[PDB]
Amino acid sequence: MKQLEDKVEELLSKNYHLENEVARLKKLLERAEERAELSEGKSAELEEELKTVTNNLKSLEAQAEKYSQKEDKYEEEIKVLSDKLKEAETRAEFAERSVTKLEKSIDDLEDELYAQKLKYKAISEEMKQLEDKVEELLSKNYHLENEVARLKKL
């Protein structure tokens, strides 16, 4: 029995050991659980961050869609203004050259009209001298006729 009494002394110790092992396993278990909890929590916050960023992205993609379009609009707008500008500068350039030419034409017509008028004035003056001559002769003949009659009565 002195051997059996020593057995009880062992089971007590070996049980003391099992107890310590149980406590150790429980501490490690809790550490694993807390690790998993911290990570699952981080994933959740990251999940949220991914949706937020992804949304913001699908928006810039869309904005970029409107940006590219306006670009082609502006391009078409500029094109039209350029072609209008060219056409107007051409109309201007040519019309101005026409003005100079037309003014010279007017100078020539005026020179011609002036000369024509000078000619008219001169023939008019000639007419007046001829009229004065007719008047002068009608008078001379009226009196010569009376003189011819007077002489016949002498």
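The first residue of the sequence shown is number 1, and the count goes up from there.
Engineer: Averaged over C-alpha atoms, is the B-factor higher for 13-21 or for 142-150 in this PDB entry?
Structural biologist: Higher of the two, by average CA B-factor, is 13-21.
Engineer: May I ask you to compare 91-99 and 49-57 by their mean CA B factor in the entry and name the higher one?
Structural biologist: According to the entry, 49-57 carries the higher average C-alpha B-factor.
Engineer: Using the entry's values, work out which of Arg31, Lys121, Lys66, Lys104 has the largest Cα B factor.
Structural biologist: The record points to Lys66.
Engineer: C-alpha B factor of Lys70, ranked within the chain: lowest, middle or highest third?
Structural biologist: As the PDB entry reports it, the C-alpha B-factor of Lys70 lands in the highest third of its chain.
Engineer: Is the Cα B-factor recorded for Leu113 in the lowest, middle or highest third of its chain?
Structural biologist: Ranked within chain, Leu113 CA B lands in the lowest tercile.
Engineer: Divide the modelled residues of the chain into thirds by Cα B-factor and specify which third, lowest, middle or highest, holds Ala36.
Structural biologist: Ranked within chain, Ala36 CA B lands in the lowest tercile.
Engineer: State the tercile, meaning the lowest, middle or highest third, of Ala44 with respect to the CA B-factors recorded for its chain.
Structural biologist: Tercile = lowest for this residue's CA B-factor.
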